[PDB]
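Structure 1 and structure 2 below are the same protein chain in two forms, each given by itself as structure tokens.
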Structure 1
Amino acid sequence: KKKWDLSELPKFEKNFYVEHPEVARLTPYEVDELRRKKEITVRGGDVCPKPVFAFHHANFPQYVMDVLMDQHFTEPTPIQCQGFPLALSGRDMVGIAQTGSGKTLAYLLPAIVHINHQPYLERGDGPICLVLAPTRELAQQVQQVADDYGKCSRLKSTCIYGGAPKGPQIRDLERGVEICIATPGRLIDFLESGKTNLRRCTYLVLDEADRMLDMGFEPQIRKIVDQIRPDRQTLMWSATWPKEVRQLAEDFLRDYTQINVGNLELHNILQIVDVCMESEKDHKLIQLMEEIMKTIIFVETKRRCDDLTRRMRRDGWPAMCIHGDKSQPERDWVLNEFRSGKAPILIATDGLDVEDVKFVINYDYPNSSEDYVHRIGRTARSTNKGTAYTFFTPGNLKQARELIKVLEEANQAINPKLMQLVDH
């Protein structure tokens, strides 16, 4: 169905999470410390339940708990600690974690509970849980885990992938499976021939979405997901968080929360360069803060640092500067005024970080690309919708080449007037 009326589809539930009292009694500070010591980050802004820190906090059925304790795990992984409550609460979610973090259990055990709260499969029914994987190897791993944890509940799962004979896969699909772990191409083949359907799938998992996009599976993935009811529960997992994965998540998920495990690495702010001439900067710059509805300006000098600060304070702007020649009491005081909000405009020639960043203005482009990219990194490592402005002027060609290389590696939208400089 390309368009849906969900009131005609069978009803189903998603929220089965019963929070454990040992987790409920955690104060906000204790929850924050627990997330920090496990390197767990929640975007914004988002509505996310408290993380668990023991398997029995999840209140799993005793067969899953039996196999889990038979694995002799000392503790759940951080991605599990934060994804078990999210998934068991029926929330669509995005998980930014590397491989080996334990995401498989994190999306598979809630899938088992989700299926257990549903009626049995009738003849011809498709799978209830669909896990899309980029490679055959990952699909086989996930299927092995799913059979390890679903055999006691008598759940039937299958692995669908190309390069293998179609006979056993068709037989598994026609005899009925509640969990299907598929690669896109073979699954599309089976769907078009009617060997399986998605009318029953209420639990969608997109494993390694970044790899799936990088290998050219986006049209196939979209064709598959278009046939699944939109009121489903969707869990996307990726090792990176670039523009393509963000767009895929906004397209496939509804009211989702994004969580990160490990350090941020690479993060996405609207890096915009404008090519001007020198004496046309100030105008634009004043423009660049007459739209302020918070702001860090970078220059080359300490001389013109103080000069620009004094000139914009002459014009009436609440700007304050910081550099190496200033004392440390003055530095701490200026930073306090910046964080509290009196002086929302900081001007600097540079570890030390501030959290609330709405605009970054490299008033004069640094002489490197490394001096440029780490400013954006320090800014985007915080949670923001910031926009980094830079004032470039067409004097240097190699400089523009390096800047364009950085912008292309950042998946940014280079304005045509900067590409026009090395076009010919």
Structure 2
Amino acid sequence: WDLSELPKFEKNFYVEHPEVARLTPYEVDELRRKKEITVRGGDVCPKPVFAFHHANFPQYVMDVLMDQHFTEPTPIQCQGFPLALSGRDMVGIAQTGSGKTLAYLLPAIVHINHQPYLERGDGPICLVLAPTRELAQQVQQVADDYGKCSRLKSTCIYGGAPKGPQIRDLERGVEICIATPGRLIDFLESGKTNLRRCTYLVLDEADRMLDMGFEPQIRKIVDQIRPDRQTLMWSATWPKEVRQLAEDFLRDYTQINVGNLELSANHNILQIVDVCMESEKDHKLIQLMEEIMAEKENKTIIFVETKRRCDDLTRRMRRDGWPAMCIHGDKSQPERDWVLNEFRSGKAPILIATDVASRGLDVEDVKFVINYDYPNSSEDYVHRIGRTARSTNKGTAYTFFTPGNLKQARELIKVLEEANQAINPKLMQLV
């Protein structure tokens, strides 16, 4: 890898606060227990922090945090901030809506602030990879909230939008780059950016990015980054099947978890499962929507199995005067952007979507998630229902489960049991 030709750089600038350093090992274990933090046995890991002022942040960042009325770091932030700041490779697993984005973005800003300034021809220092274009844009917006107080520049690299403005941003110079894989691979092959200064690599939704469709794109990208980079992977779900594969992209790494070690949903979601025949779904949906739309807070996402079903259900509902719009991978990117912005603003309270909208999206005031079709996996179920109940908010999920979904019943029951939810007897009868 030309182990001596590369420039030098530093990774660990973490200074442990005296309020944290004083904790004995037992006291640290009790703090972790109280926050439901588990650090994998045998890994190197700093003590968790428990206040924002422990976390080495620039005063600008603290000012933005206070302006947003953020009082206390979330559990994944409590353990992830110091681990990331220490420069260690890591995997950070915590519930949907629990703050993983800032868990990796704020240490990225510290990391960047300790490196020499970008010159001309310099690629990004921090690269974040995400599975959908809308999620990449959302993460870039979060980053801009905080990097803009320093003079940190960011961009979003993603398909479906003109290449020209993205090439401009990359050539002007960005310290932070958020990307979906395809457009980035395109730009790397054609020399529009490079990863020779990339020392902080984030895989968000990491188990999705390591799946059959994404893993070869990830491999193509990461094979171009120096192996002394820091790599940080994050997700609400971390199935055993991705763990060995993940080691291809990690070095001397540490795994941390919040909540139960098994597959688990956000416990602020009320989870309802309606066992019914496929032919009943239409009527049941309308019944449900009539209830939902009678309430003052009624913003709703309806998930379906295919782009064709998403289009068809949306036409069927709009023809009855329902204010529904849809997002899926066959729409143009300007249309996808417009529909999601209309949903965010509340101008359209019903979003019908494929799994393009299942991960990462943080939309204010979603109160209902409806699985019109049960998803492809129990992990996808956990992510979908996590579009509600963000941060401290509560939410409700309704799922239509048919006999054709029988093979997925066992794991669904386990998820429902882990969350202390009431199980529909028809679901148990299925097994």
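If you superpose the two forms and keep the largest set of C-alpha atoms that fall within 1.5 Å, you have the rigid core. Counting starts at 1 and follows the sequence of structure 1.
Shown first, as structure 1, is the form solved without adenosine-5'-diphosphate (ADP). Compared between structure 1 and structure 2 on the core, the listed residues 229, 326, 195, 156 keep their C-alpha shifts below 2 Å, save 326.
Residue 406: CA moves 2 Å or more between structure 1 and structure 2 after rigid-core fitting. Relative to the superposed core, residue 219 shifts its CA atom by less than 2 Å between structure 1 and structure 2.
In a rigid-core overlay of the protein, residue 285 has its C-alpha displaced by at least 2 Å between structure 1 and structure 2. Relative to the superposed rigid core, residue 29 shifts its CA by 1.9 Å between structure 1 and structure 2. The rigid core superposition between structure 1 and structure 2 gives a CA shift for residue 243 of 4.1 Å.
Taking the core as the fixed frame between structure 1 and structure 2, we note the C-alpha of residue 144 moving 0.5 angstrom.
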